[PDB]
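Student: Experimental coordinates for this protein are included below, preceded by the sequence.
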Amino acid sequence: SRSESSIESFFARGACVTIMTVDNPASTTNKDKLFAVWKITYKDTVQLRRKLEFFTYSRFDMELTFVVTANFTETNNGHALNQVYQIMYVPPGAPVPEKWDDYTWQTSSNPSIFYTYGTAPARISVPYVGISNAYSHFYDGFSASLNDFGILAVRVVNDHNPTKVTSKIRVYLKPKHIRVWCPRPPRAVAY
Amino acid sequence: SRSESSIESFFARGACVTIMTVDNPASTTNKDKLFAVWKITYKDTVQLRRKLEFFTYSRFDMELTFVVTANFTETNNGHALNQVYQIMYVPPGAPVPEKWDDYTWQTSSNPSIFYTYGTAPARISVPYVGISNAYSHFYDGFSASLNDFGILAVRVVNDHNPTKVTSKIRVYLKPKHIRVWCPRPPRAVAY
Amino acid sequence: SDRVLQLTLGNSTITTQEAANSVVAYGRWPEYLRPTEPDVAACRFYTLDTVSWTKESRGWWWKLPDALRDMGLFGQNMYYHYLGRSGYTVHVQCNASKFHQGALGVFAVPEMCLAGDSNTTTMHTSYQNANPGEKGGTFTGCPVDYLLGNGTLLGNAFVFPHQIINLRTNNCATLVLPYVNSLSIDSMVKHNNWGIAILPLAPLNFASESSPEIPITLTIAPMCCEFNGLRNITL
Amino acid sequence: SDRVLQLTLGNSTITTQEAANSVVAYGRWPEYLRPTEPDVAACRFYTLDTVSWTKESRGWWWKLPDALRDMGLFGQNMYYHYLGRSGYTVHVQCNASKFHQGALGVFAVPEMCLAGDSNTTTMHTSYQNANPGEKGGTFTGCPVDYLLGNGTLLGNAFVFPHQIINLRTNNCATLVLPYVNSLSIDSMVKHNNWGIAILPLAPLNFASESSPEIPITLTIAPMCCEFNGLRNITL
Amino acid sequence: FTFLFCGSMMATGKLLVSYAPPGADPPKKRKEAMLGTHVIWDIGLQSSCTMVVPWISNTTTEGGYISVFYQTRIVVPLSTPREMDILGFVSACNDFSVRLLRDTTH
């Protein structure tokens, strides 16, 4: 009897990949400026990374869940109306945004999702968007530059509010329908 | 193998067309007065415009999505109860409103949608409302005055509040079931 | 084992051990991509630099097709074709007596990378150092031997298909590796498919004084090779 | 003549005149010796140095296979095989208008020797001077033009198979020459089978001022080539 | 690739269209291009030349090259303008398609 043990249940978990931070300041703070940009990789985390690394090749439908919690940074009795956050999924190779202003931010192509705080977390799925037939966790030679599933972009959709509201985008990934080729001994230590 | 490449997926995108601004002032501000009026065209934007312009004739079911975010303009600790915004879709050739007061604003014909802030964005659809068999992106000669899909109208439904709440209507358009006749070389530069 | 037979791939002459157990990588045979197909011209035994297994040795390693870059016909197609794929019949023989004692470990690592926990940046090593040709490379006690040169505790190096040349048993290694990679065809020049490494499992010990060390041999034959687009015939 | 068709010997592209009369040497077709057979690799159109037919010209000449020594695949087999034989489809086109007047003479001399009544000693000329490659040689008014460069009154140069590129007729030359020699196979390096020479029968005269001269082109295809013994693959 | 010879009916010559697939560098001398896939195109026989390009792939870093060479040279009849032109027309093949939709507008 061998079930839960199978591939489709070795990765059938919702593990965090990244934690991105945004804000809605009325003041001029260009550092953590409104926008948040992060390169879609598994590389940042630990848990999910080692798991995949048991193999050399893969194919997986890539789903993502975005729970978003906020708060008021300054010790003030100030207020804020419920907010919205546009989550821009960017497919590999496109123009990467900076200033939350730019044309790219209107996309007309890139799938984006607007979410209103204080509800059931954000959710989408990107099927096997491999430029090859598989996602090579390792690649020996010269073109490291992995595969690239794209980049995630989130900003505060609502305008500048007298009371600065800081938020966080906890990103989780369930690699549904995963397939793997030729295993390696796993990484002994830490990264 | 040619799919995503086909017409039904060349335009199967939700691209912004316009960003309209409203307010709920207790003070007398007749400029950005309560009402917002905008001529339904693709002409304002860039991205969506060039796309269509690849062809000379078209038919498309015209859907629209209205995400609405707000805020308090004045640096005050003042408050506001959740609001509602009547979105008036106006079919081409009707009386265009001014003062948010007028008879037209009661319509009895024009489809309008009331929305309560802080939920799933506003959504409707207008099928091929062409006075011809197709929407000519270009038309050579004399009657420029395009085709006219009508005008969008939004106001704050709730009465005057001591604390002035400014909102924005981000309008997106997915031209579902689109059909095109005789292509032109696309516009080289900018508009 | 006696009754050993030679196979002549037109030009090449073998005279194996006999047969005494062979290894197929994940029970798969090299078959054609479903192009320039040289067949017999570039599907014939080529012998790499015979290396010296010494008491002190840490091991050896080669990349595919890298090693066979300077190999006549196969190497031509390789250099004259942008797109290309192939298979390999690895044959590592090591002959000693009944007065020598040791165990050889031949592994087949698809994409055999080496060192640097600087995942941030891999390859790093220079193009020349990453591609040491027919002459081959050696592990060091940087290809850290007991970490497969790649930070991974060697005791598991048995994940990849392999045979153990145990002196007191078979004096040969026979590994068949069909084409592995995400791509259907590949830049042979730039990308290395397989990694044939040969490390000592048991050390080399010889009775009294004899052969102060012994020799290991790698002759490999390309299996069903093909290529795309004949580029400029640069001579 | 219109309706001209291209033939693609894998790599090569032709687009002939159309067809307008071809010549078979002694009504014989190149057939296999009844070996290394490259086929399509070395049986594909190669273009020699296009030369300039000028009022003043005396003629031009090439040796087979000599000219095609520096020709990719065919030249490899040629240099890598001690014993070897072949055939050739000589195609000499010369395009002008209805404002040019002249007559070109293309001859196929099996063993086209040049000069020296010193029968006592032939060859004499140096190995390099006897083998001028793709670039070709020219007659002089020493290859004495009206003596076929070989002491024999040119008026008879019509013994060998030939076509006359008469400007006002066909703007092409199509000569097929099966393998001729006493031997069944030969030292391609050392021995030249055929001699394609092209001399003016009528001079070049052009109306008023136009093309101060015109161009002649030699693209030839080896016909059923084979070789014996693959020597050292010297790269 | 399709070429239109924009010279006189009276004018002639042979040109050479070449394509060295990826990896190979531009073939600097006639011979180098000629050695590979080449098309000898006679002017004095037709104005229309078409040479199809085989297998290629994108990520918008190096591909192939297409080149034109004076196989022979231009034959001018009598007193005709010694400098005429040519027109090139590229078009996709049946097998040509696309994937992953992006943009650019300002």
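Tutor: All right, it came through fine. Numbering: from 1, shown residues only, chains lettered A, B, ... in the order given.
Student: any idea where the strands of chain A begin and end?
Tutor: If DSSP state E is used as the criterion, the strands of chain A fall at A:15-24, A:36-39, A:55-69, A:84-90, A:112-116, A:122-126, A:151-156, A:165-183.
Student: what's the answer for chain E, then?
Tutor: Counting by DSSP E, the segments of chain E that form strands are E:2-6, E:14-20, E:38-42, E:48-50, E:65-70, E:85-89.
Student: is chain D contacted by the third one?
Tutor: Right, strand E:38-42. Yes. In this structure, strand E:38-42 sits against chain D according to C-beta under 8 Å from any C-beta of the partner chain; the contacting residues are E:38-42. (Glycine included, C-beta is placed from N, CA and C.)
Student: returning to what we had before: of all the strands of chain A, which lies closest to residue C:210?
Tutor: Comparison of the strands of chain A against residue C:210 by C-beta to C-beta identifies strand A:165-183 as nearest, at 40.2 Å.
Student: Does at least one residue of the closest one sit close to chain C?
Tutor: Yes. Part of strand A:165-183 sits close enough to chain C to count as contact by C-beta under 8 Å from any C-beta, namely A:181-183.
Student: And the residue of chain C closest to chain A?
Tutor: Distance from chain A to each residue of chain C (C-beta to the nearest C-beta) is smallest for residue C:156, at 3.0 Å.
Student: and residue 34, what does it touch?
Tutor: Here I'm looking at chain A. The neighbours of residue A:34, taking C-beta atoms under 8 Å, 6 or more residues apart in numbering or on different chains as the test, are A:22-25, A:100, A:155-156.
Student: My question was about chain E, not that one.
Tutor: By C-beta under 8 Å, 6+ apart, residue E:34 lies in contact with D:46-47, E:16, E:18, E:69.
Student: what about 7 Å?
Tutor: For residue E:34, the contact set (C-beta atoms under 7 Å, 6 or more residues apart in numbering or on different chains) comprises D:47, E:16.
Student: Ok, residue C:11 next?
Tutor: When the contact criterion is C-beta under 7 Å, 6+ apart, the partners of residue C:11 are residue C:44.
Student: thinking again about what came up before, with distance to residue D:151 and mean neighbour count added, can I get the strands of chain E in JSON lines?
Tutor: As requested, the strands of chain E are arranged in JSON lines below (distance: least, C-beta to C-beta, whole Å; neighbours: other C-beta atoms under 10 Å in any protein chain shown):
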{"stretch": "strand E:2-6", "distance to residue D:151": "46", "mean neighbour count": "16"}
{"stretch": "strand E:14-20", "distance to residue D:151": "36", "mean neighbour count": "22"}
{"stretch": "strand E:38-42", "distance to residue D:151": "38", "mean neighbour count": "24"}
{"stretch": "strand E:48-50", "distance to residue D:151": "47", "mean neighbour count": "15"}
{"stretch": "strand E:65-70", "distance to residue D:151": "38", "mean neighbour count": "16"}
{"stretch": "strand E:85-89", "distance to residue D:151": "49", "mean neighbour count": "11"}
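Student: Show me the one of those that comes nearest chain C.
Tutor: Put simply, out of those the one that sits nearest chain C is strand E:14-20, at 5.3 Å, with distance taken as C-beta to the nearest C-beta.
Student: contacting residues for the residue most central in space within chain E?
Tutor: The centre of chain E sits closest to residue E:17, judged by C-alpha atoms, centre = their mean, with a distance of 4.6 Å. Residue E:17 makes contacts with E:1, E:3, E:38-39, E:41, E:49, E:51, E:68, as judged by C-beta under 7 Å, 6+ apart.
Student: ok, and the closest non-adjacent residue to it?
Tutor: In this structure, residue E:17 finds its nearest non-sequential neighbour in residue E:39, 4.3 Å apart by C-beta to C-beta, 6 or more residues apart in numbering or on different chains.
Student: ok so, going back, ok, the residue of chain C closest to chain A to residue C:164 distance?
Tutor: When C-beta to C-beta, to the nearest Å is the yardstick, residue C:156 and residue C:164 sit 15 Å from each other.
Student: if we can go back for a sec, is the residue nearest to residue E:17 in contact with residue D:12, as I believe?
Tutor: No. Using C-beta atoms under 7 Å as the test, residue E:39 is too far from residue D:12 to be in contact (8.9 Å).
Student: Spell out which parts of chain E neighbour chain A.
Tutor: Counting by C-beta under 7 Å from any C-beta of the partner chain, chain E comes close to chain A at E:59-60, E:100-103, E:105-106.
Student: mind checking how far whichever residue of chain A sits closest to chain C is from residue C:151?
Tutor: Residue nearest to chain C within chain A: residue A:185 (3.0 Å; C-beta to the nearest C-beta). The gap separating residue A:185 from residue C:151 is 10 Å, by C-beta to C-beta.
Student: cool, and residue A:19?
Tutor: 27 Å.
Student: okay, now residue E:35: neighbour count?
Tutor: By the criterion of other C-beta atoms under 10 Å in any protein chain shown, residue E:35 has 24 neighbours.
Student: mind listing what it touches?
Tutor: Taking C-beta under 7 Å, 6+ apart as the contact definition, residue E:35 lies against C:232-233, D:72.
Student: Distance-wise, check the residue nearest to residue C:199 when sequence neighbours are not counted relative to chain B.
Tutor: If the residues on either side of it in the chain are set aside, residue C:199 comes closest to residue C:59, at 3.5 Å by C-beta to C-beta, 6+ apart. Going from residue C:59 to chain B by C-beta to the nearest C-beta, to the nearest Å gives 46 Å.
Student: Residue C:59: neighbour count?
Tutor: When counting by other C-beta under 10 Å, one arrives at 22 neighbours for residue C:59.
Student: That one and residue C:138 touch, don't they?
Tutor: Yes. Taking contact to mean C-beta under 7 Å, the distance of 6.5 Å between residue C:59 and residue C:138 places them in contact.
Student: Which of the contacts of residue E:35 sits closest to chain E?
Tutor: Nearest to chain E among the contacts of residue E:35, counting by C-beta to the nearest C-beta, is residue C:232 at 4.0 Å.
Student: Let's verify the closest one: helix, strand, or coil?
Tutor: Assigned with DSSP: H, G, I helix; E, B strand; the rest coil, residue C:232 falls in the coil class.
Student: Quick check: it vs chain B, distance?
Tutor: Using C-beta to the nearest C-beta, one gets 32 Å for the distance from residue C:232 to chain B.
Student: quick one: that residue and residue E:32 touch, right?
Tutor: Yes. Using C-beta under 7 Å, residue C:232 is in contact with residue E:32, at 6.0 Å.
Student: thinking again about what came up before, so what pairs up with the residue nearest to the centre of chain E in the strands?
Tutor: Using DSSP bridges, the bridge partners assigned to residue E:17 are residue E:39, residue E:68.
Student: For residue D:6, see how far away it is.
Tutor: Distance from residue E:17 to residue D:6, by C-beta to C-beta: 12 Å.
Student: Repeat that for residue C:213.
Tutor: In this structure, residue C:213 lies at 64 Å from residue D:6, with C-beta to C-beta as the measure.
Student: Over to residue C:182?
Tutor: 39 Å.
Student: what does residue C:163 give?
Tutor: Per C-beta to C-beta, residue C:163 is found 55 Å from residue D:6.
Student: Pick out whichever of these two has more residues nearby.
Tutor: For residue C:163 and residue D:6, the more surrounded residue by other C-beta under 10 Å is residue C:163, and the numbers stand at 21 against 12.
Student: quick one, phi/psi of residue C:154?
Tutor: For residue C:154, the backbone dihedrals are phi -30, psi -30 (criterion: degrees, to the nearest 10).
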